[PDB]
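*Asks:* Please find the sequence and an experimentally derived structure below.
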Amino acid sequence: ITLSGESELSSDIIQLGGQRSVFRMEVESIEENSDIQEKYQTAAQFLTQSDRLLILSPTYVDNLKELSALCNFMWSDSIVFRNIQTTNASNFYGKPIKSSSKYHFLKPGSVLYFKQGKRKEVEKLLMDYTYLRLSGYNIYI
RNA sequence: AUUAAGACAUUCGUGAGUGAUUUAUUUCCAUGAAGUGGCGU
(Lines give C-alpha, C1' and ligand atoms only; values in the text may rest on other atoms or scores of the structure.)
Protein backbone atom coordinates (compact mmCIF):
# COMPACT_ATOMS: atom_id res chain seq x y z
CA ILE A 1 0.00 0.00 0.00
CA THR A 2 0.95 3.64 -0.55
CA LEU A 3 -0.42 6.25 1.86
CA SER A 4 -0.20 10.05 1.79
CA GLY A 5 -0.90 12.57 4.51
CA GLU A 6 0.37 9.83 6.75
CA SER A 7 -2.33 7.96 8.63
CA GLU A 8 -0.55 5.29 10.67
CA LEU A 9 -2.28 2.11 9.52
CA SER A 10 -2.07 0.05 12.71
CA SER A 11 -2.13 -3.70 13.24
CA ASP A 12 -5.52 -4.99 14.37
CA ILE A 13 -8.28 -7.52 13.61
CA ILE A 14 -9.88 -6.97 10.21
CA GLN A 15 -12.69 -8.22 7.99
CA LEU A 16 -12.08 -9.27 4.38
CA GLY A 17 -15.60 -10.24 3.35
CA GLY A 18 -17.60 -13.44 3.59
CA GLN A 19 -19.52 -14.75 6.61
CA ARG A 20 -17.43 -12.77 9.12
CA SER A 21 -13.95 -13.60 7.82
CA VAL A 22 -11.23 -12.60 10.31
CA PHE A 23 -7.61 -11.88 9.39
CA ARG A 24 -4.59 -10.72 11.39
CA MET A 25 -3.20 -7.52 9.87
CA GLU A 26 0.54 -6.99 10.31
CA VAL A 27 1.77 -3.64 8.99
CA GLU A 28 5.42 -3.51 7.95
CA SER A 29 7.07 -0.28 6.84
CA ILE A 30 9.32 -0.21 3.78
CA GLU A 31 11.56 2.48 2.32
CA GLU A 32 9.61 5.46 0.98
CA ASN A 33 11.88 5.75 -2.08
CA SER A 34 10.32 2.66 -3.66
CA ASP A 35 7.30 2.16 -5.89
CA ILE A 36 5.50 -1.11 -5.20
CA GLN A 37 4.88 -1.94 -8.87
CA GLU A 38 8.44 -2.89 -9.73
CA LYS A 39 8.70 -4.71 -6.41
CA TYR A 40 5.86 -6.96 -7.57
CA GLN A 41 7.45 -7.26 -11.02
CA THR A 42 10.81 -8.12 -9.44
CA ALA A 43 8.99 -10.89 -7.58
CA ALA A 44 7.51 -12.06 -10.90
CA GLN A 45 10.72 -11.67 -12.96
CA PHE A 46 11.46 -15.40 -12.76
CA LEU A 47 8.50 -16.14 -15.09
CA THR A 48 9.31 -13.86 -18.03
CA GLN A 49 9.80 -14.90 -21.65
CA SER A 50 10.44 -12.53 -24.54
CA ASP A 51 7.61 -13.91 -26.70
CA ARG A 52 4.93 -13.82 -23.98
CA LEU A 53 2.92 -11.49 -21.76
CA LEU A 54 2.15 -13.35 -18.53
CA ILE A 55 -1.05 -12.03 -16.95
CA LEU A 56 -0.29 -11.71 -13.23
CA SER A 57 -3.54 -10.05 -12.08
CA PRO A 58 -7.01 -10.14 -13.66
CA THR A 59 -6.98 -8.02 -16.81
CA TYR A 60 -9.96 -6.16 -18.28
CA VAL A 61 -10.23 -4.95 -21.88
CA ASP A 62 -13.35 -3.22 -23.18
CA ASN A 63 -12.86 -4.99 -26.53
CA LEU A 64 -11.16 -8.38 -26.56
CA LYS A 65 -11.43 -8.37 -30.36
CA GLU A 66 -8.71 -5.72 -30.54
CA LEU A 67 -6.49 -7.73 -28.19
CA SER A 68 -7.02 -10.85 -30.30
CA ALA A 69 -6.12 -8.86 -33.42
CA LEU A 70 -2.81 -7.93 -31.72
CA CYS A 71 -1.58 -11.44 -30.90
CA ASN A 72 -0.94 -14.89 -32.35
CA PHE A 73 -2.60 -16.68 -29.41
CA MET A 74 -4.66 -16.03 -26.27
CA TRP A 75 -3.90 -18.90 -23.89
CA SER A 76 -6.26 -17.31 -21.41
CA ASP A 77 -9.20 -17.91 -19.08
CA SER A 78 -12.21 -15.90 -17.92
CA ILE A 79 -12.93 -14.60 -14.42
CA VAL A 80 -16.00 -12.73 -13.20
CA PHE A 81 -16.04 -9.42 -11.33
CA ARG A 82 -18.92 -7.85 -9.41
CA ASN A 83 -18.31 -5.12 -6.84
CA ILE A 84 -20.42 -3.78 -3.98
CA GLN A 85 -21.17 -0.13 -4.75
CA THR A 86 -21.42 2.09 -1.67
CA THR A 87 -20.86 5.82 -1.23
CA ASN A 88 -19.96 7.77 1.89
CA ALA A 89 -23.61 8.65 2.60
CA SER A 90 -24.74 5.05 2.12
CA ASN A 91 -27.01 2.85 4.22
CA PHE A 92 -24.30 0.26 5.04
CA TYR A 93 -27.04 -1.59 6.95
CA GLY A 94 -29.41 -2.57 4.14
CA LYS A 95 -29.34 -4.50 0.89
CA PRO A 96 -25.96 -3.71 -0.72
CA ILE A 97 -26.17 -2.21 -4.20
CA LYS A 98 -23.80 -4.48 -6.10
CA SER A 99 -22.05 -3.41 -9.28
CA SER A 100 -24.19 -2.48 -12.28
CA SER A 101 -22.12 -4.76 -14.52
CA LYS A 102 -20.50 -8.15 -14.14
CA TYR A 103 -17.11 -7.73 -15.79
CA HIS A 104 -15.01 -10.46 -17.39
CA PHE A 105 -11.30 -10.24 -16.59
CA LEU A 106 -8.55 -12.58 -17.70
CA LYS A 107 -7.12 -15.09 -15.26
CA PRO A 108 -3.74 -14.87 -13.50
CA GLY A 109 -1.60 -17.28 -15.49
CA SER A 110 -3.07 -16.33 -18.87
CA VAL A 111 -0.54 -15.61 -21.60
CA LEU A 112 -0.89 -13.38 -24.67
CA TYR A 113 1.37 -14.43 -27.55
CA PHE A 114 1.90 -11.28 -29.59
CA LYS A 115 3.05 -11.20 -33.21
CA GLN A 116 6.33 -9.74 -34.44
CA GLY A 117 6.53 -6.33 -32.86
CA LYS A 118 3.27 -4.90 -31.55
CA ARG A 119 4.35 -5.68 -27.98
CA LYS A 120 4.42 -1.98 -27.15
CA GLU A 121 0.96 -1.68 -28.71
CA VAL A 122 -0.59 -4.36 -26.49
CA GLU A 123 1.21 -2.86 -23.49
CA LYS A 124 -0.34 0.52 -24.35
CA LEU A 125 -3.77 -1.08 -24.72
CA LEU A 126 -3.47 -2.82 -21.34
CA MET A 127 -2.07 0.19 -19.46
CA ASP A 128 -4.66 2.72 -20.68
CA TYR A 129 -6.85 1.80 -17.67
CA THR A 130 -5.12 3.68 -14.85
CA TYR A 131 -7.75 3.20 -12.13
CA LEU A 132 -7.52 -0.56 -12.68
CA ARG A 133 -3.71 -0.52 -12.64
CA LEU A 134 -3.61 1.53 -9.44
CA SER A 135 -6.18 -0.74 -7.79
CA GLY A 136 -4.01 -3.78 -8.49
CA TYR A 137 -5.56 -5.00 -11.73
CA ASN A 138 -4.08 -5.41 -15.22
CA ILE A 139 -0.59 -6.25 -13.94
CA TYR A 140 1.66 -8.28 -16.25
CA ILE A 141 5.30 -9.20 -16.76
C1' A B 1 -18.04 -1.24 4.57
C1' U B 2 -15.49 -5.29 1.17
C1' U B 3 -20.56 -10.12 -4.93
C1' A B 4 -21.76 -8.10 2.11
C1' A B 5 -25.43 -9.18 6.79
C1' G B 6 -28.50 -12.67 9.08
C1' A B 7 -29.54 -18.85 10.09
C1' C B 8 -27.47 -24.82 16.20
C1' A B 9 -28.41 -30.29 10.47
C1' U B 10 -32.63 -29.41 13.47
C1' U B 11 -38.27 -31.49 14.84
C1' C B 12 -40.81 -35.89 15.49
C1' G B 13 -39.10 -41.44 16.65
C1' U B 14 -38.73 -47.25 23.06
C1' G B 15 -33.78 -51.76 19.85
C1' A B 16 -38.62 -53.03 19.43
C1' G B 17 -42.22 -57.28 17.86
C1' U B 18 -42.45 -63.03 17.48
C1' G B 19 -39.83 -67.23 20.48
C1' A B 20 -40.67 -72.91 27.17
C1' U B 21 -33.29 -74.34 27.62
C1' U B 22 -36.13 -77.77 25.13
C1' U B 23 -35.44 -82.73 22.83
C1' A B 24 -33.33 -88.05 23.48
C1' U B 25 -31.50 -91.14 27.79
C1' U B 26 -34.27 -97.37 32.82
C1' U B 27 -29.84 -95.57 38.81
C1' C B 28 -28.68 -99.64 36.17
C1' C B 29 -25.06 -103.99 35.73
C1' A B 30 -22.40 -108.42 38.81
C1' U B 31 -23.54 -110.82 43.33
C1' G B 32 -26.46 -117.83 46.93
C1' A B 33 -28.57 -115.16 53.63
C1' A B 34 -25.15 -118.33 53.40
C1' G B 35 -21.09 -121.82 56.29
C1' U B 36 -19.95 -125.23 59.98
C1' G B 37 -21.79 -128.80 63.64
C1' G B 38 -19.24 -130.09 68.60
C1' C B 39 -19.18 -133.34 72.92
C1' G B 40 -18.19 -139.51 76.37
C1' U B 41 -15.69 -146.46 70.81
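*Replies:* Happy to help now that I have it. Numbers count the residues shown, from 1 in each chain, chains lettered A, B, ... in the order given.

*Asks:* Between its first and last residues, how far does stretch A:110-119 reach?
*Replies:* Between the start and the finish of stretch A:110-119 there is a gap of 16 Å, counting by Cα to Cα, to the nearest Å.

*Asks:* can you list the residues that contact it?
*Replies:* By Cβ atoms under 8 Å, 6 or more residues apart in numbering, the surrounding residues in contact with stretch A:110-119 are A:51-55, A:59, A:67, A:70-77, A:122. Where C-beta positions appear, they are placed from N, C-alpha and C, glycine not excepted.

*Asks:* buried sites along it?
*Replies:* Of the residues in stretch A:110-119, those buried by neighbour count under the rule 16 or more other Cβ atoms under 10 Å are A:110, A:111, A:112, A:114, A:119.

*Asks:* Tell me the one of the residues you listed nearest RNA strand B?
*Replies:* The shortest separation between RNA strand B and any of the buried residues of stretch A:110-119 is 17.2 Å, and it belongs to residue A:110 (by Cβ to the nearest atom of the strand).

*Asks:* For that closest one, grab phi and psi.
*Replies:* Note on residue A:110: backbone dihedrals following degrees, to the nearest 10 are phi -70, psi 150.

*Asks:* can you tell me which of the buried residues of stretch A:110-119 are in helices?
*Replies:* With helices defined by DSSP state H, the entries of the buried residues of stretch A:110-119 inside them are residue A:119.

*Asks:* ok, the buried residues of stretch A:110-119 vs residue A:8, which is closest?
*Replies:* Within the set of the buried residues of stretch A:110-119, residue A:110 lies nearest residue A:8; the separation is 37.8 Å, counting by Cβ to Cβ.

*Asks:* give me the number of residues near residue A:128?
*Replies:* 12 (other Cβ atoms under 10 Å).
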